[PDB]
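Quick notes on the structure that follows.
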Amino acid sequence: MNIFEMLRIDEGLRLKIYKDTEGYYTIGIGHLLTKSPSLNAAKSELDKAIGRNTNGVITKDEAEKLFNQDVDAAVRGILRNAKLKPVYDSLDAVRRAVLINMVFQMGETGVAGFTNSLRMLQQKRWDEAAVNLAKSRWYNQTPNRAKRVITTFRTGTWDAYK
């Protein structure tokens, strides 16, 4: 198991523009296009991202390319973030992938907002962090995904994804 495979499981793959759990236009492997209610605005952002006139539809290759860029950016955001970097640096390989998952989903700012949980992770207080992470809108809106992420932080293994 690895970061790509894990996120591919959580996000799925759709080759046509769709709406995510919050109702925003998205495509491919969880690539958010825009928060704007306008489909046209979404089509425009898509064309710009891909570099061609897509008609709202892309290929597998193109979806994969956006995915690679998105994972790269997530890592890069973590490393550049003053609250995130130290946590990430203190973690083992499995748990580092979990943190990237969360950033890919909520963005850097969102994750950096989980102050108490970050501190608990840093201290390696698995069970306490898990409880704290569950007290969030994130867990309440997408509980199945959140449970998989949280359990992986508790155990340090990929069981929840196997």
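Please read every residue number as a count from 1 along the shown chain.
Header lists the method as X-ray crystallography, 1.9 Å.
Cβ atoms are placed via backbone N, Cα and C, with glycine included.
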Where Swiss-Prot shows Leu32, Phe104, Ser117 binding substrate, which of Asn40, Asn132 is named for the same site?
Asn132
Please report the Cα separation of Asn132 (substrate binding site) and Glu11 (active site, proton donor/acceptor) in Å, rounded to an integer.
24
Max Cα-Cα distance in Å among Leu32, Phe104, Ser117, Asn132, the residues listed as binding substrate?
27
Return the count of C-beta atoms lying within 10 angstroms of the C-beta of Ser117 (substrate binding site), excluding that atom itself.
24
Could you tell me the C-alpha distance between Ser117 (substrate binding site) and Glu11 (active site, proton donor/acceptor) in angstrom, no decimals?
23
